[PDB]
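Written below as structure tokens is the structure these notes are about.
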Amino acid sequence: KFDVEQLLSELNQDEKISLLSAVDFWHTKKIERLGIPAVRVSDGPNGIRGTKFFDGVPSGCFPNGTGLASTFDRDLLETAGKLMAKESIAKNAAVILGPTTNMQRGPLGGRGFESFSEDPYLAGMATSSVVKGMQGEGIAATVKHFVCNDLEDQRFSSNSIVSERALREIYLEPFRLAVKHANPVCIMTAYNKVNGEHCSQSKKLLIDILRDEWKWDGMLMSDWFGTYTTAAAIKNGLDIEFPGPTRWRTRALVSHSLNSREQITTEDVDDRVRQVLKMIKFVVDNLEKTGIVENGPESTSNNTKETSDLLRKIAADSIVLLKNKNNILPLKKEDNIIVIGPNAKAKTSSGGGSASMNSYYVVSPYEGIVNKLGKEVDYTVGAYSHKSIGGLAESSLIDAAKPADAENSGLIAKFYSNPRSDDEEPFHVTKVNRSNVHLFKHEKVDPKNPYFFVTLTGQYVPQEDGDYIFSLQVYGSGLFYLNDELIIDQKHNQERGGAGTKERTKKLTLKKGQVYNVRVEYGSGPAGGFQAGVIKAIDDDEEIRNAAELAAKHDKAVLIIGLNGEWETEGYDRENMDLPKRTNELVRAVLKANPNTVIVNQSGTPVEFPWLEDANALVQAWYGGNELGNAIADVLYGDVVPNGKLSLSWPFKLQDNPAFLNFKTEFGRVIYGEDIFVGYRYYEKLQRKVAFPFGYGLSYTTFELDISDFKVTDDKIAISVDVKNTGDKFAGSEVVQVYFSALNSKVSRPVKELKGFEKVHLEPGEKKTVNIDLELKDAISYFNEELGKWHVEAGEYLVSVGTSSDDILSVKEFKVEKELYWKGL
Amino acid sequence: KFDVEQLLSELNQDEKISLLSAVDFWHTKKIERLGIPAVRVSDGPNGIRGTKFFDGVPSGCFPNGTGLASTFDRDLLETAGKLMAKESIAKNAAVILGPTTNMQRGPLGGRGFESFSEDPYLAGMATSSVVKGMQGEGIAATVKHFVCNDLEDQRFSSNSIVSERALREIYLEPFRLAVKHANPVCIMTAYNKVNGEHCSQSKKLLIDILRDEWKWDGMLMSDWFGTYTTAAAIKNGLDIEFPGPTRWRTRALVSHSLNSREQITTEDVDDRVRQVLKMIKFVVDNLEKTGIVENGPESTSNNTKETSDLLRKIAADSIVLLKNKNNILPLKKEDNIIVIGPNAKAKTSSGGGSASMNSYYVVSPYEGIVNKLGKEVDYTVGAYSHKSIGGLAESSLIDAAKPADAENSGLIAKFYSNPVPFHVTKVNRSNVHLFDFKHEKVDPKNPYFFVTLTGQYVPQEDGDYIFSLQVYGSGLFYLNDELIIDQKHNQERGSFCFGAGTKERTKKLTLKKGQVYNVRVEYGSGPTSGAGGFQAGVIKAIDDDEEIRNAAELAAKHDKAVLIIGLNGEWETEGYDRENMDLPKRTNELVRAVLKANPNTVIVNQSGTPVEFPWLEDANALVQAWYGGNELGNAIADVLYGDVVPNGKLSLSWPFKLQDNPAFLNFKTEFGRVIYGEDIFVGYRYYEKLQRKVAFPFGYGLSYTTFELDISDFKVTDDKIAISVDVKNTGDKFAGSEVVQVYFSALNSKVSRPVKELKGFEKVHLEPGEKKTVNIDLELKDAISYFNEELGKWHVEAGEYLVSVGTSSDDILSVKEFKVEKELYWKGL
Ligand SMILES: OC[C@H]1O[C@@H](O)[C@H](O)[C@@H](O)[C@@H]1O
Ligand SMILES: OC[C@H]1O[C@@H](O)[C@H](O)[C@@H](O)[C@@H]1O
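These protein sequence lines map, in sequence, to chains A and B.
In our numbering, each number is its position in the first sequence, counted from 1, plus 1166.
In our numbering, each number is its position in the second sequence, counted from 1, plus 47.
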């Protein structure tokens, strides 16, 4: 018993106002007097960070959305969201800030890795599965970012200018599917504008569509700081401003607007408060099922074998095999192999930003291979591809003459009020594990005028002789000292490189075995952050040469390449679709030296493979979460048979893509020039060849399918597809994909549209039948912009059933006589 | 060598934003780096209160605006300007929040008293004159409130709905006249809306009209808290938010708006900042001439004879003699008088609100007469008419074991952060006004504190005493540590604190003459149940029926009775409007009784706006004094006795009955709106068009001498009208001033006009038999235009016009016609 209307009747005006914003970054407002508790929310869509970045409680990191979507497996995505709920309860977060489902209208989007698919049906069913899995556990979902936050560049002001047809068919559509099938408890409004109006105060989006048309009854929260007005946001449907303390909705701003008849009425305030109360009721109603403790502690209690195995399956099923000539794959355990490449020993579990977290652990691909084979594995780096140098904390000690324990590994961070007599004391001390230090709450730290200083210390011991490059990045100020000798100055002259500085570096000749003193004196942000790193310097030409040489001296090479969460991050978009640095040269040399090299690529979004024609085996890993390396091993050796399909089009070159010319905010606007033609919708219409198309992925076995039954009423389509593993060696899963085409429509349309899919597991020689039933209106409508309505048009239509958007294997023609106009769900 | 553009180029973005709001109730932002000092500003339009209300430095209270305009004396008004400036310097206020020129479309307006006149011409010229005086002495004026802040009711939300023609002709006009002749340094935007949009964010008012059309380059400040958006107020031309600390213009609100492309660009901000820079430049460029000292102290250095001379004079010339049958006046020293009435011994210097201040002294009328004759004068109170009961601090002592001295005369006030001491201040005024109470240990954003109020009280009489408590916050009143008055439990809504505080709660007790009693008031400030305030008071109860009789009989045994009546600054105040035009309580019944027993009585009324005199027909001598400021009593004497020959003329129409007024049915905010239904027909323009008779018509007042005039030269050119008027004091006993008023009529206009409109005036002082000539020059377009709403331009229409020269709107003595051959349409100034 938490009663929304009786509480609305009992709250005073000031309490009403106080419910319309969050208290701090993660919490709503407790109202002891009426039994209304504070609710914790937490990022993000691929696992749960909890209440802090710096010194964060470790957690279960899932694979990233585009990887998730590539499973084409609702049941699994549903399991995944169920796991995300357990991870959340472990952090005592009653509400998750995920899934994310904006749209990769082009490939360069900085958060492209974080959403699901360029296809609105796949995005919407992925979204709907994850939310259903979260909410079945009684943890609330927050679908974000509503809507058209499809690039990062200047997102707070960016105006997405988009027709009502593209808006309905591509960008609103995954939210519609999620609402219709999963009823999320919350939605987060976007930072941007749509057609001139910030989403967070758009009556069209937040009220006309979400409320009047869809009848969705959940709670809208702003993206963080993504509120832009006092009264209009309240009038126009933004239920709660995050984070607190409130900027736009103080008691004085709000009640002054009420008393002065400016814009809003008490009815507007109530309407927003009611919606907050309903989200609160969902949380309180599930407290018995979840065990959430208000302002409770955060643990690593979900860090179990059950969780590890599941994160492993999810990661392995995300992987997409893109090429496999000559049976390079699977590898045999007895193959003589070398592992090469910049991503080989990296732990690229996620993209950057709010979706990232602190992990229990991350298994590198190298380690995955080591674990697989149960012994040492030859290795060479081949080339570097980092955006900035980190790795200092990850390879440092407090006192070198003590063993590399967990208690002794890392750096000590000592916080100070002043930068001081011998006798000032640290007001906080933390063991620092990761080099990038992100800021953070303390009583000696003034909330929004936060001035403090960090003394970061430890010992670094070189494992090889030669040159080593040290680095510092600060937002604020700091100085780097090695053996109490200044080596890098980020105090005196500063250059912006997005709020903070450019990396400054110092190359130094060091000696294997010897203990050097690392001390970094940092100055608080005027809330801040910094990164002191170190990397062993290499001779790039010689290292390419070496990797080539080594590759020639082994049967097989495994080259692990790609991008990382610094190249793909909330905050900015990519400049280009290139792999970094000398990667491409590394790859050319290795392919020349051993043509039977398997290439495994980790990225959230497409990259150009210029050497593609010479690459005989190519695997798309994605960013795999905690178990990424094990999952990769599973696929390479065939303990998992690759079963993922691309959730994205993979064009040859950046210029081929439909958003090539409009993927930048210029004069504050982004024109959606391609209209409905996004992803494969674009490339099939132009008949432009791509490297790999939507829905593509190979297996180690072969499959065949046909429509084995088909029926249409005036209202419905039922289709039965027979699928069979025609191989005699591997069991495996195939993804049946159902596309619709209009054969004689008055209106321009995509060549075909995904409207169904089923994933089916088959032992060698096994045959199964999957059923796919849809209401016509789901399958064949388009949005009629002039009439302001969806339209099931009379005509002839074709269903195409296949294993990719290209690989169509069975079709059926049918007729539609019953025309229908509609709105809503 | 303060260079507006150099500074604007130099300020960083956070410095820019910090300029767009004030730091506290009274100061702008110091930018030390750039030698931009904190400008102090101060209320009000009739005297300079200074930086605090409670425990405030005493000042020179001028008479209230309707009084001032009644002088019809530009020179004298310009002189009061200078005096106001000098009083401003004494307080280290570089900027004055005045003059006030909203418009008495009806008589009931809470701040009716504060403005000048229902006449756009009179109010414009009074405004211009007062402003010229102020700014010749280098102190900046702030003409307020722009615009249509014409009742008090719900004024933060009130939507003044008014045609463009009325807007232009009546409400905007006095601002137009002030900008045109006087160029005030600042203007203050009104709290209210005009046709659906809050003044403080109306592009139409603040930019299209004020900037684009009039070309005025001053700075716009908000009324206090009257900002309602972050970005739209910045974009639509509101230069600075008052008071600090900012609500709508925090560095975060503004810079988030800018960075998120929400509504405002950096241009808009520059544009605001710039105007602010100019106001500051004015102040800086006059620091030598004025000697103002940034965050300076507050002195009473101007409490001087010279200054008192002038207040006495300005007060004297504001008085309007309305009736004088049978030569009851001037009173003669040898006359046997008794002074009677509710306002005889009271000190009603001003109207209520931000116009008020702490005075050096107020000479009551009773005292004024005492001073003139120099002997005890017989008196009886006659009746009470206070709205609420005060007095308690005034007539009390810290220790009963001491004499009635300076620092023993008051109560002690102690301030705690917990209920029952950061500050201790000795209190002499019963109204404890905490609105701008500042303190190191008080949060301006949340002013949470308590007051214990203490001292002892000694009654000079035997009977019932009525005690009173009034609060905004919470209060408890104990006499002798016994609970007598409860303002904690079940509060009601009444008129205290601009209508926000409590109804008066009182306790009748029996007391003993000379007996010491203990007074303890325990007060919680506003946040505990704006900082707020409270009032504890006491008054001697009277037999109300007997007290009338007593006065009536006493009046009968004297040659002449002097009956002092009217309102005061609790009946008439910022914050709410009057409910009716009635004299308070048993006042009328006193006058009916006194008039019947002694037909030789002079009534002196004090009000800022009209009241009904239902016994008008029986009163033979009737004088209107307004609210006279410090020298109010001495000025009443001067005119009563003929040392000043009454010379004021009414700034307002004075109808017989409230129902008679144009705004009878729409002088209340309803559904957040006020429909200005009478359109241009405001004041005399209403009455003359309806041929409705009034008790006393606009521009009316008597003398103790007689006058005649005629037009002795009349010339028309293309742009100008020259008129000459010969005026003679045709009496033989008294020297005096007559006011020549010049009105205009359109005779065959295509458009409904008023019967005539005030367009020029002159005051001329004439010894018995003296004749003089006065010369009025006016530009044609400014005399005879109406606003053509359809074309959105002023129109000088072809046809015939009539000029009426008279000594009131109802006493035309001479006329002249001219023809206008060719029309002109025009905008601007
Ligand atoms: O980190 C909290 C939130 O902040 C914003 O930066 C992001 O756009 C959201 O996706 C995220 O949930
Ligand atoms: O004191 C500052 C301001 O206070 C407000 O209450 C009044 O409306 C203004 O006229 C005055 O100048």
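Beta carbons are placed, not taken as given, at the ideal position from N, Cα and C, and that holds for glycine.
> For B:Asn374, is the classification buried or exposed, using 16 other Cβ atoms within 10 angstroms of its Cβ as the cut-off for buried?
Replying inline: exposed
> Taking only beta-carbon atoms, is A:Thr1412 less than 8 Å away from chain B?
Replying inline: no
>> With a threshold of 8 Å between beta carbons, is A:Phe1322 in contact with chain B?
In response: yes
> Are the beta-carbon atoms belonging to A:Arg1342 and A:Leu1174 less than 8 Å from one another?
Replying inline: no
> Mind checking A:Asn1468: buried by the 16 CB within 10 Å criterion, or exposed?
Replying inline: It counts as buried.
> Using 8 Å as the Cβ pair cut-off and three pairs as the minimum, do the segment 548-562 of chain B and the segment 502-516 of chain B touch?
Replying inline: Enough Cβ pairs lie closer than 8 Å, so yes.
> Between A:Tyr1394 and chain B, is there a C-beta pair that is closer than 8 Å?
Replying inline: yes
>> Taking the beta carbon of A:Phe1843 as the centre, do at least 16 other beta carbons fall within 10 Å, making it buried, or is it exposed?
In response: buried
> Does the beta carbon of B:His245 come closer than 8 Å to any beta carbon on chain A?
Replying inline: yes
>> For ligand 2, is there any heavy atom lying closer than 7 Å to the beta carbon of B:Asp71?
In response: no
> Does the beta carbon of A:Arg1427 sit closer than 8 Å to a beta carbon anywhere in chain B?
Replying inline: yes
> Between the C-alpha atoms of B:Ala188 and B:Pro146, what's the straight-line distance to the nearest angstrom?
Replying inline: 7 Å
> Is the closest heavy atom of ligand 1 to the C-beta of A:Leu1419 under 7 Å?
Replying inline: no
> Which class does A:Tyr1287 belong to by DSSP, given the choice of helix, strand or coil?
Replying inline: helix
>> Please tell me whether, using a cut-off of 7 Å, the distance from the CB of A:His1364 to the nearest non-hydrogen atom of ligand 1 is below it.
In response: no
> Residues of chain A with CB under 7 Å from B:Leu300, in chain order?
Replying inline: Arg1413
> What's the gap between the Cα of B:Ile95 and the Cα of B:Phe193?
Replying inline: 21 Å
> Which residue or residues does DSSP assign as beta-bridge partners of A:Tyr1545?
Replying inline: In DSSP, A:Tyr1545 forms a bridge with A:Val1505.
> Looking at the unbroken beta strand (DSSP E) that takes in B:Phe100, where does it start and where does it end?
Replying inline: B:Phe100 -> no beta strand (DSSP E), and no H or E assigned at all.
> Taking any heavy atom of ligand 1 as the mark, which residues have a C-beta closer than 5 Å to it, listed down the chain?
Replying inline: A:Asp1209, A:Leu1263, A:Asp1389, A:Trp1390 and A:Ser1520
> A:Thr1892: buried (16+ other C-beta within 10 angstroms of its C-beta) or exposed?
Replying inline: exposed
>> Between B:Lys191 and ligand 2, is there a pair consisting of the residue's CB and a ligand heavy atom that are separated by less than 7 Å?
In response: yes
>> Measuring alpha carbon to alpha carbon, tell me which residue in B:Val686, B:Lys129, B:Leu257 and B:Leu155 is nearest B:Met181.
In response: B:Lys129
> Which residues share a DSSP beta bridge with A:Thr1675?
Replying inline: Here A:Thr1675 is bridged, per DSSP, to A:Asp1633.
>> Using a Cβ-based criterion (distance less than 7 Å to any ligand heavy atom), does B:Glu621 qualify as near ligand 2?
In response: yes
> On the premise that A:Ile1555 lies in contact with A:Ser1637, defined as a C-beta separation below 8 Å, what is that separation, rounded to the nearest angstrom?
Replying inline: With 8 Å as the limit, A:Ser1637 and A:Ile1555 qualify as a contact, their Cβ atoms being about 4 Å apart.
> Could you give the residue range of the alpha helix (DSSP H) that holds A:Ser1971?
Replying inline: Unbroken run through A:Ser1971: none, as it is neither H nor E.
> Looking at the structure shown, is B:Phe329 part of a helix, part of a strand, or coil, going by DSSP?
Replying inline: helix
>> Can you tell me where the beta strand (DSSP E) holding B:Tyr747 begins and where it ends?
In response: Counting along the chain, B:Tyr747 falls outside any beta strand (DSSP E), and DSSP gives it neither H nor E.
> Candidates B:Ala279, B:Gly284 and B:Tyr275: which alpha carbon is nearest B:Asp255's?
Replying inline: B:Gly284
> Hey, does A:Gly1834 have any beta-carbon neighbour from chain B nearer than 8 Å?
Replying inline: yes
> What whole-angstrom Cβ distance do A:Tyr1846 and A:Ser1971 have, given they're in contact under 8 Å?
Replying inline: 5 Å
>> Tell me whether B:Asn478, by its Cβ, gets closer than 7 Å to a heavy atom of ligand 3.
In response: Of the ligands one can find in the structure shown, namely ligand 1 and ligand 2, none is ligand 3.
> Since A:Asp1939 contacts A:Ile1873 with CB under 8 Å, what's their CB separation in whole angstroms?
Replying inline: The pair is not a contact, with the Cβ atoms about 13 Å apart (cut-off 8 Å).
> When we look at the beta-carbon of A:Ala1783 and count the other beta-carbons within 10 Å, is it buried (16 or more) or exposed?
Replying inline: Its Cβ being crowded by 16 or more others within 10 Å, A:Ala1783 is buried.
> According to DSSP, what are the bridge partners of A:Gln1697?
Replying inline: A:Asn1602 and A:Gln1639, per the DSSP bridge assignment.
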